[PDB]
Structures are given as C-alpha cells and as structure tokens.
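I have placed the structure first, in the form of structure tokens, so that the comments after it can refer back to it.
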Amino acid sequence: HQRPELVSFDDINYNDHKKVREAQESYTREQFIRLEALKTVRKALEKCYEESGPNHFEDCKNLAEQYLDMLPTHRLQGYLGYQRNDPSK
Amino acid sequence: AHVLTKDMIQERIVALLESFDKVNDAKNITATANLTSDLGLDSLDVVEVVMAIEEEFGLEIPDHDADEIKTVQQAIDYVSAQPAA
Amino acid sequence: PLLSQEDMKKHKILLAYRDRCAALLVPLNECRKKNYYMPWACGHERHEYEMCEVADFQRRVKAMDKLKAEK
Amino acid sequence: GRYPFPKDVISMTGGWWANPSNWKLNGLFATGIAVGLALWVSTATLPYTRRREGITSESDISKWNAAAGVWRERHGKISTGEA
Amino acid sequence: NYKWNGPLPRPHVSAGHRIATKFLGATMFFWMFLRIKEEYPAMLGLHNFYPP
Amino acid sequence: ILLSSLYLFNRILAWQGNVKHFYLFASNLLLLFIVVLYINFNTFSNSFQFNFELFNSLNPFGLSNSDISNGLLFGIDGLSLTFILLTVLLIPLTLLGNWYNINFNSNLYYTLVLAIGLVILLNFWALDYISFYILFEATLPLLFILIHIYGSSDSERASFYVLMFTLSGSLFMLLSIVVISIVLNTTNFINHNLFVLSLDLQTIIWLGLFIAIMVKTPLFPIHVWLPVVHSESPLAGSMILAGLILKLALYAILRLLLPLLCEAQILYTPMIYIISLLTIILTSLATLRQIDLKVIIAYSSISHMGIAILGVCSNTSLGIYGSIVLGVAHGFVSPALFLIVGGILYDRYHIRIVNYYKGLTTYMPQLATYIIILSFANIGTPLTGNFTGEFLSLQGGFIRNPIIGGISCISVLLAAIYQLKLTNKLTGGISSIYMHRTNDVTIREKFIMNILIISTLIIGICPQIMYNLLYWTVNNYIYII
Amino acid sequence: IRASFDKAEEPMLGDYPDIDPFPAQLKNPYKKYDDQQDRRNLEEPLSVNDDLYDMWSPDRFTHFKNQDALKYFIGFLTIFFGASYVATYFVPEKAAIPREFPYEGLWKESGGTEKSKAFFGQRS
Ligand SMILES: CCCCCCCCCCCCCCCCCC(=O)OC[C@H](COP(=O)(O)OCCN)OC(=O)CCCCCCCCCCCCCCCCC
C-alpha cells in the first residue's frame with residue numbers, strides 16, 4: 001500500500017516538474033481522503049436511521065447535522081485554483 | 001368459430017324481407033326478385049331495407065354501394081363478398 | 001399513566017402516537033404482533049385504546065366549546 | 001382462424017403460431033436451465049442478504065452520535081433553527 | 001340458429017357455470033349480511049363520541 | 001520489420017488484389033496492441049506515460065534522445081487512453097461495414113478509411129498544440145476525397161461542406177495557437193497549466209479556440225453542415241464522423257482550453273451555456289420536420305453533443321465524467337444507427353426518404369428489434385451508457401447554473417419525441433407498397449450491431465468501470481479556490 | 001393553401017405544385033387506395049407541408065371547432081375552480097380542538113433543541 005510524500009504548492013519552484021506533479025497529486029489525494037471521511041459519516045448516519053426508526057430525529061441528530069455540514073466542503077475542488085493563485089497576496 | 005354459407009345468407013335475407021310489412025307479397029320474393037319492381041318498394045323503403053340488412057349481418061354499407069344493389073341476388077352476392085359479416 | 005420518555009423511545013412508538021394514551025398502545029401493538037394483525041384478534045386491547053382516544057377527543061371538544069364560548 | 005405466412009421469415013420469437021414438433025424435449029431443456037439459473041442466483045446472492053434492524057448495537061450508534069457532537073463542537077456548529 | 005325473427009330458445013349454460021354463479025352470489029350476499037350484522041352500530045353511525 | 005512488413009503487404013496485394021483483408025488484420029492487431037498498452041498503463045499517476053518525440057533535429061527520422069525538444073511530442077494519460085480505446089474498437093467495424101457494397105476502385109476506398117482512422121488515433125496521442133493541430137487538419141482532404149468519390153447523389157456539395165466549414169473554424173483555432181506560440185514560446189500540454197496569461201489576453205485566445213470548437217462539435221448556429229455531410233457520406237465516413245471525429249472537439253475542450261485559459265473560461269461559461277441550450281432545444285425541434293433517415297440520425301448527434309458540452313463546461317467532477325461517458329456511449333450507439341439507416345436499409349433499397357418506409361416488422365423482425373433497441377438506447381434509457389452520460393452531464397449543468405440545467409432537462413422528452421416518431425413509423429403499420437421484400441439483417445450486420453449494443457450495455461450497467469482511467473481527469477480541470 | 005403556414009411557403013415554391021392540403025384522416029375510408037392504410041394513391045401530388053396532413057400526423061377532431069373546444073375546456077376549469085374557491089367561504093367550523101402532545105409538543109423527539117423549539121415542536 002503506497003503512501004507518497006505530501007508536497008505543497010507554496011514550497012516548490014514551478015520549474016521542477018517532478019515537484020509540481022507531486023503537489024498536484026497530493027492535493028487531489030487529500031481531497032479524496034476528505035470524500036472518504038464524508039462517506040464514513042453518511043454510512044454511520046444510514047445505520048443510525050435504520051436502527052432508530054421513529055426516534056432517529058433524536059438519536060441521529062449529530063450525524064445528520066454533521067453530514068449536512070460536511071457536504072459543501074468535502075467534495076472535489078481541483079488543484080488549479082490553488083496552484084494558479086497565491087492566497088497571501 | 002362461426003362461418004356463414006351462401007344459403008344461410010339467402011335464408012336470412014328472405015326471412016328479413018318476409019318480416020317487412022310494406023312489401024306487396026311474401027310468396028313472390030325470389031333470389032332474383034327486384035325490390036323496386038316486383039316487390040314495389042319505394043325509394044326510401046329500399047333504403048330502410050339496406051339498413052336492415054346491415055343491422056342484421058353487422059356490416060357497414062357505403063352510400064355508393066348501397067344504392068347499387070337493386071335485386072336480392074345482388075344483395076346476397078354483396079353480403080357474401082364481405083369477409084367479416 | 002403518561003409513559004416515560006425512555007419508555008416511549010424503548011418501545012419505538014411513532015411520534016404522532018406519543019400521547020397520554022400510548023401506554024395502552026404498547027400492549028395493543030404487542031398483541032397485533034403476536035397475532036398476525038388479524039381482525040378477529042386483539043379485541044380487548046384495541047377497544048381499550050379506542051376508549052382512551054374517546055376520552056382525549058372528548059376533552060378536546062370541551063376545549064373547543066370553551067374557546068367558542070369566549071367569543 | 002389462421003392464414004398463410006411467409007416461411008422464410010425467421011424470428012427469435014418463433015413467428016406465426018410457433019409450435020415446434022419437438023417442443024416437449026426442448027421444454028425439458030429450458031426448464032432445467034431455468035431451475036439451475038434460479039438456484040444459482042438464490043444461493044450466490046445469499047451472502048449479500050441482511051436484515052435491516054438489529055445489525056449494529058446501541059453502543060456503536062450512541063458513540064457515533066457522541067463523536068459527531070464532538071466534531072460539531074470542535075468546529076463552531078449551532079443547530080438548525082438555533083439562532 | 002334455426003329460428004330467425006322469432007322467439008329465442010332458453011340459453012344452454014353449463015352446469016358448472018350455474019353452480020359457480022350460485023356459489024359466488026350466495027357467498028357475496030351472505031358475507032354482506034354477516035358484515036352488516038357485525039358492524040351495524042359503527043357502520044350506520046351510533047354512540048356519538050361527543051359528551052352529552 | 002518495416003521492410004519485411006512492406007514486402008508482406010506488396011505480395012498480398014500482388015496475389016489477392018484486394019487490400020481489405022490486410023487492412024482488417026492490421027487494425028485488429030492495432031486494437032490488441034492498445035489493449036496490451038492498457039495492461040501496462042499505471043493508473044496511480046497523473047503523468048503522461050508512453051512518450052515519444054518525432055522529427056527532432058538530432059534524429060529527424062527516429063525517436064529523440066536529445067536534451068533539446070524541438071520535434072513533435074506524443075504521449076498518453078488516462079483521458080487520451082479512453083478515446084484511443086474507443087477509436088481502435090471502432091476502426092475494424094468501419095472496415096467491416098462496407099465489406100460488400102464497395103465494388104469499383106475498392107482498394108482506394110479502404111485505404112482512405114484506414115488512413116482517416118489512423119490519423120484520428122494519432123491525434124489522440126498528440127502532446128502539443130502544433131502536433132494536435134496538424135493531425136486535426138489532416139483528416140479534411142481524406143474526407144473530401146472519400147465523400148466526393150464514394151458518396152451518394154449530392155456528395156460534391158457534401159465534400160465541399162466538410163472541407164470548407166472545418167477549415168473555417170480551424171483557421172481561427174490557428175490564430176489562437178499562433179498567439180500562444182509567440183507569447184509563451186512553448187506549445188506542449190505537459191506544463192501549460194503553469195503559464196498564467198493576463199486575463200485580457202486569455203479572453204482573446206479563448207475566442208479563437210471556441211470558434212473552432214463551435215464548428216467542430218458542432219453547436220448552434222454553425223451546425224448546418226453536419227446533416228448534409230452525414231447524409232451524403234458513404235457508410236464508413238458517417239461512422240467515423242459521428243463516432244470519432246465529433247469527440248475530438250470534446251477532447252479539445254479538455255486538453256487545449258481548460259488547463260490554459262481557466263479564468264477566461266470562468267468568465268465565458270454563461271455564454272457557453274446559452275449556446276448549448278440553444279443547440280439542444282432548437283436542433284431537437286428541427287429534427288421533427290425531417291424526411292431523410294440519415295439526416296434525422298445526424299441531427300440527433302448534435303443535441304447529444306450539446307448535452308455533453310453542458311457537462312464538460314460545468315466546473316464539476318460529475319459533469320466532466322458525464323461528458324466523457326456520454327461521448328463514449330454516443331460513439332457506440334450513433335454508428336449503429338447510421339449502420340441501420342445508411343448501411344442496411346440503403347443497401348437494400350437505395351433511398352432515404354421517410355415516406356417510402358413503413359411496417360418493416362413483418363418481413364424483417366430482427367431488424368425491427370435492432371431498431372427498437374438502438375432507439376431506446378439513443379434516447380437515454382437507463383442501463384445504457386447514454387443515460388449515465390446524460391444524467392451526469394445534466395447534474396453538473398444544473399449545479400453550474402440551476403435555471404439553465406433545469407431547462408436543459410427537457411432534452412429527455414425532445415429526444416424521445418424525434419427518435420420514437422421515426423421508429424414508430426419504421427416498425428409499425430402494414431408493409432410498405434413501394435418496396436419489395438428483401439433479406440433480413442445478415443450475419444455481418446448483426447455482428448457489428450451486437451458489438452455496439454454490448455459495449456453500450458456494459459458501460460450502462462457499470463459506468464464505474466471507466467473510473468480507473470479517469471479519476472485524475474475529473475479533478476484535473478475544475479477551477480475552485 | 002388553407003392554413004397560414006402553408007400560405008407562408010407560397011413565395012418558397014417556384015415550379016412546385018401549389019397543392020390544397022386535406023388531412024388524410026378525413027378522406028373517406030371506403031374509397032379504394034393503392035395504400036389503404038395511408039389512404040394515398042400512387043403518384044398523387046404532395047403538399048409542401050404534407051408531413052402535417054398524412055395519416056401519421058396528429059389526430060384531428062371534427063365535432064367541435066378548435067376555438068369552441070377551447071372555450072369549453074377553459075370554461076370547465078373556470079367553473080370548477082371558482083366554485084370550489086367560493087365554497088371555501090361557506091364552511092362549517094369544527095367541533096374538537098386539534099390534538100396536543102406532552103413535552104411542549106415533543107420538540108425533543110422531533111430533533112429540536114432548547115434554543116430552537118419553534119422550528120421543531122408540536123402544539124403542546
Ligand atoms: C500525414 C499526417 C501528419 C503526419 C505527422 C505525424 C506522422 C507520424 C508517423 C506515425 C509514426 C508514429 C507511430 C510510431 C512512433 C512510435 C514508435 C515508438 O517506439 O514509440 C516510442 C515509445 C517509447 O519507446 P522507447 O522510449 O524506445 O522505450 C521502449 C521500451 N521497450 O513507445 C511507445 O510507447 C509506443 C507508442 C505507441 C503509439 C501508438 C501509435 C498509434 C498509431 C501508429 C501508426 C499511425 C500511422 C498514422 C498514419 C497516418 C498519418 C497520420
């Protein structure tokens with residue numbers, strides 16, 4: 001199981017293409033990990049609902065709220081926005 | 001299923017005409033009798049008769065073919081010409 | 001007697017059935033589970049729940065009567 | 001009743017009043033294949049069958065809701081309508 | 001189809017069809033009688049739930 | 001090898017006299033070779049893999065092992081591998097679909113068809129703007145000759161359309177590529193997202209690229225050449241033009257436009273959505289009043305391309321995946337429909353007017369079943385790749401702009417209308433009086449149709465099976481801060 | 001010739017027969033035709049808009065004129081909806097109070113929170 005080292009756009013020189021490729025892949029892989037976390041929360045929520053029935057409103061409130069909170073922020077976003085823009089300036 | 005024969009058609013038409021009250025005579029109805037001449041049926045009466053024929057054999061006569069039948073044999077050959085009747 | 005919140009949750013009553021009378025609803029549904037919801041069974045439990053609902057509906061009609069009388 | 005039809009017209013459905021002379025033998029083959037297929041499907045899909053309720057324990061459900069509350073407190077998360 | 005423009009014969013209907021009609025109609029009428037007897041009060045509208 | 005294989009070609013030609021068996025064998029080997037490449041393709045890497053350079057100054061006739069790159073670059077990532085697989089699946093079928101109906105000067109015909117296929121396949125390998133543009137244009141003279149010599153009655157006008165319209169759009173693309181060349185002094189696709197031009201210059205370069213896209217896709221209102229060219233083309237021409245060549249435009253959007261002109265693309269997206277919605281609605285409605293079978297089938301492709309455009313410009317992963325899946329599924333199903341109308345019916349009756357056709361089910365039940373299946377596949381019945389592509393494209397479009405994508409959802413109905421209106425008349429009613437009974441579909445025709453239907457069904461049941469080549473791609477091009 | 005859209009094409013023909021169109025559905029089906037189902041004879045001229053008048057075109061209804069049918073359809077909807085709306089006014093009042101629920105309307109059981117009890121919470 002592979003665990004490539006994480007690289008940031010902010011550190012590298014855009015003329016070493018190996019570092020730029022690694023930074024792009026790092027960004028994409030981190031987004032996919034975030035998607036995995038969202039899927040974990042959603043699966044737990046489905047299990048809670050199916051075992052709670054009429055009292056899911058009480059027993060799954062935290063999971064429902066957290067899934068709805070993470071839905072807008074835990075999707076794929078690409079790397080081009082961050083590599084082509086410098087947030088400091 | 002059910003299949004009609006030329007003689008069945010003829011017998012039905014003959015009974016039909018026998019039932020009509022405007023006719024001259026019942027005994028004088030032939031296969032080649034003319035309704036206009038022999039039976040003395042009026043202009044509108046032969047229309048009533050064609051309508052009776054179509055109400056009896058369950059078919060639909062157009063205007064152009066209705067007015068063409070003048071004899072009983074003509075009626076029988078027309079009714080035997082039609083597959084669903 | 002009004003059921004405990006823990007009891008209401010434990011017997012997994014539907015929300016719209018969680019009233020002052022759900023205490024009778026619990027045995028009725030247990031019998032309707034034992035028998036296969038057949039119409040000839042559960043007569044006593046069914047009737048007891050119906051009578052509790054009679055009382056609740058009567059109290060509400062008297063409430064509406066009082067409200068009408070104010071106007 | 002019936003009527004003539006072109007004999008060269010070959011359809012997978014058999015065409016007109018298709019009643020092959022050897023249909024009972026062919027039906028025995030077809031029913032054997034049907035039984036084999038149904039039993040294979042019923043057995044192979046058995047491991048993917050489960051009941052809906054009583055598959056996760058109250059411990060897991062309660063602790064997962066607790067952890068989600070922990071997550072929502074680390075972030076600043078009020079509840080719906082809570083304003 | 002012997003007779004034309006004449007009175008028709010009594011239709012011939014299978015014994016089994018006559019028996020089945022008897023059973024169906026009898027069961028329907030009997031079931032309706034049973035239900036009317038058993039649910040007369042509630043089904044007609046009686047014992048008003050409002051306080052007197 | 002090349003010397004020996006040329007000798008083999010020469011001797012086969014001397015003895016058989018027909019080159020087509022050799023071409024079928026070469027294309028089948030090409031498909032097997034691409035499958036072997038896929039076996040050795042690394043999926044856990046967003047870098048181009050099977051790279052090579054041609055016409056370098058140090059080795060003009062060989063491969064470049066030099067420290068200076070001045071030739072033409074080639075290589076593949078997952079996105080290009082997808083379309084390459086589609087291309088090598090389609091080429092042998094376009095050879096086989098004309099196996100018996102080309103009789104005079106057939107060696108030239110098959111040479112043109114195979115050359116066009118090989119040029120498109122190389123186009124998907126191109127790794128820089130100039131190599132891409134060269135292979136993009138090189139198909140035009142081959143298509144001109146093929147349509148002019150082997151097309152139907154109106155094929156002169158058609159050859160001139162297929163040359164002139166595509167040249168017209170390509171020259172504005174050429175302006176854009178020249179501007180990129182002189183402003184950046186680089187032209188390759190490996191690092192072109194590292195160059196950030198000023199927003200104004202971006203806005204200008206985008207226009208040339210998008211005019212070329214508008215003619216090649218095609219989009220409203222510069223679409224009117226495609227029905228003519230499809231209608232008058234011989235069958236292999238139509239199959240290549242609908243299954244492969246139109247996909248080059250979608251590929252061009254992903255490869256040439258989005259990585260380089262990101263900010264300008266954001267600015268221009270509402271205009272794209274206007275154009276695509278016009279394409280979908282107006283061309284779908286215009287199809288309802290067509291009387292030529294091949295024209296109707298051709299008009300269908302334009303609306304599906306509009307849906308794909310809406311997906312690919314949605315700035316969402318789902319939209320881009322849907323656009324690619326839709327492209328592939330259309331590449332399966334549209335060549336099958338062209339095979340039915342311009343290969344099976346046209347070879348039996350030599351006419352394309354809709355009034356002549358009615359009630360084919362009586363003598364040709366198998367062809368009617370194929371027609372029904374391909375029609376419901378073409379209008380996006382689920383479990384077909386067409387449904388997956390359209391559904392994901394509409395999801396992305398709706399997210400990008402809820403009103404515009406929501407209105408775009410009417411395409412389901414509109415496509416159903418024109419397609420089922422055609423098939424209703426083709427299969428139902430009493431056998432036509434104007435035509436005599438012919439053979440039902442042959443073994444070769446059934447083989448081609450079966451290949452295409454199985455492909456669309458396999459990606460319709462499990463679209464996820466493409467993801468191992470595309471999961472980098474669905475993130476490589478979206479622009480979110 | 002008859003309809004506006006067939007008339008609009010009149011400048012668009014030069015040396016094509018200006019055919020007066022008749023809906024194939026309305027041709028009498030007891031005449032004999034080379035294609036009985038389509039009610040067409042061989043070499044019969046086609047109107048420029050023939051696709052809107054052949055047998056496969058949408059069905060045409062003769063009993064009422066289109067305008068009068070529009071009147072009837074709108075009128076039916078108008079009278080039904082207006083009558084229902086008006087009837088809403090002359091309505092009896094109910095006799096029992098809508099029911100209520102412990103715990104301030106079971107606001108906790110329907111999710112709900114102390115800080116947000118108006119969003120979720122019954123009539124109590
Ligand atoms: C007239 C139109 C304009 C013409 C301009 C362009 C003309 C190009 C002429 C076609 C020649 C290109 C195809 C042959 C080049 C590939 C040869 C090769 O060996 O590729 C090198 C690449 C890496 O190889 P290497 O670094 O040596 O390591 C090998 C380790 N075992 O090895 C690989 O990774 C394999 C690469 C496979 C590439 C697939 C090519 C598919 C098409 C091949 C024939 C196309 C013919 C087109 C003819 C019409 C003209 C366009």
Side-chain angles (χ1 to χ4, degrees), chain A residues 1-4 6 24-53 56-57 59-79 81-82, chain D residues 47-75 77 79-80, chain F residues 43-44 46 78 311 314-322 324-325 382 388 391-396 398-400 459 461-478 480, chain G residues 111:
Chain A
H1 175 245
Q2 303 315 51
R3 309 186 87 187
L6 280 72
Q24 287 158 345
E25 309 217 331
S26 284
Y27 216 75
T28 296
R29 277 190 328 262
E30 289 314 302
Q31 283 168 56
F32 275 112
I33 301 297
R34 280 164 73 91
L35 268 167
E36 230 72 76
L38 179 103
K39 279 164 211 312
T40 295
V41 163
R42 177 167 66 206
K43 172 197 224 95
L45 173 66
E46 299 189 347
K47 281 192 209 244
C48 178
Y49 175 86
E50 286 177 77
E51 307 260 344
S52 317
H56 79 95
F57 302 98
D59 277 35
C60 319
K61 186 72 154 78
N62 286 343
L63 273 64
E65 295 275 359
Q66 189 210 12
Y67 173 78
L68 288 180
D69 282 333
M70 290 162 66
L71 188 66
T73 89
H74 284 61
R75 37 192 71 205
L76 293 164
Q77 288 135 15
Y79 55 77
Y82 197 78
Chain D
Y48 318 96
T49 43
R50 59 131 185 133
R51 300 219 148 230
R52 147 180 273 253
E53 145 189 49
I55 220 162
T56 37
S57 44
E58 280 88 337
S59 88
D60 302 359
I61 305 289
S62 98
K63 70 187 206 178
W64 294 343
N65 215 57
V70 163
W71 185 100
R72 261 161 61 79
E73 294 301 323
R74 272 187 320 126
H75 310 255
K77 302 304 196 160
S79 291
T80 285
Chain F
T43 61
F44 193 60
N46 193 39
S314 74
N315 211 40
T316 83
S317 285
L318 285 174
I320 291 164
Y321 195 74
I324 294 148
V325 167
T388 318
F391 175 44
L392 285 192
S393 288
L394 292 164
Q395 281 184 63
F398 181 90
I399 289 168
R400 189 53 187 84
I459 64 168
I461 279 131
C462 190
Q464 192 69 19
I465 202 138
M466 277 164 70
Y467 206 42
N468 72 104
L469 281 181
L470 285 175
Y471 68 81
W472 298 114
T473 315
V474 305
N475 222 29
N476 281 346
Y477 306 106
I478 53 179
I480 300 276

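Lettering follows sequence order; numbering is per chain, from 1. Computation of the quantities below employed the complete heavy-atom set of this structure, encompassing side-chain atoms and omitting hydrogens, waters and symmetry-equivalent molecules.
Of all heavy-atom pairs between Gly111(G) and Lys61(A), the closest is CA-CE, 4.0 Å.
Between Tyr321(F) and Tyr467(F), the gap from one ring centroid to the other is short of 6.0 Å.
Residues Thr56(D) and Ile61(D) have side chains in contact (heavy-atom distance under 4.5 Å, counting atoms from C-beta outward). Residues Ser52(A) and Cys60(A) are in side-chain contact: their nearest non-hydrogen atoms beyond the backbone lie under 4.5 Å apart. Under the 4.5 Å side-chain criterion, counting only non-hydrogen atoms from C-beta, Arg29(A) is in contact with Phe44(F). Residues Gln395(F) and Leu392(F) form a side-chain contact, since some pair of their non-hydrogen atoms from C-beta on lies under 4.5 Å apart. Counting heavy atoms from C-beta on, the side chains of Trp71(D) and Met70(A) come closer than 4.5 Å.
Side chain of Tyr67(A) to main chain of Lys39(A): no donor-acceptor pair is present (N/O by atom type, distance under 3.5 Å, no hydrogens or angles). Of the possible polar contacts, none joining the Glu51(A) side chain to the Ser57(D) backbone as a donor-acceptor pair under 3.5 Å is found. Judged by distance alone, with hydrogens and angles left aside, the side-chain atoms of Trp472(F) form no donor-acceptor pair with the main-chain N or O of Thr28(A) at under 3.5 Å. The backbone N or O of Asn65(D) sits less than 3.5 Å from a side-chain atom of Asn62(A), completing a donor-acceptor pair.
Side chain to side chain, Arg75(A) and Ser317(F) fail the donor-acceptor criterion of an N or O pair below 3.5 Å.
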Note to self: For a side-chain hydrogen bond (donor to acceptor under 3.5 Å, both in side chains) check, start with the C-alpha distance between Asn475(F) and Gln31(A), then their side-chain angles and the critical distance, and finish with the verdict.
What the structure shows: CA-CA 9 Å; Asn475(F) 222 29; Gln31(A) 283 168 56; 3.3 Å; yes

Next item on the list: Give the intermediate values and the outcome of salt bridge (charged side-chain N to carboxylate O under 4.0 Å, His left out) for residues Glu65(A) and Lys77(D).
Entry: CA-CA 9 Å; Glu65(A) 295 275 359; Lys77(D) 302 304 196 160; over 6 Å; no

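Ion pairing between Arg50(D) and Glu50(A) holds under the 4.0 Å rule for side-chain N and carboxylate O.
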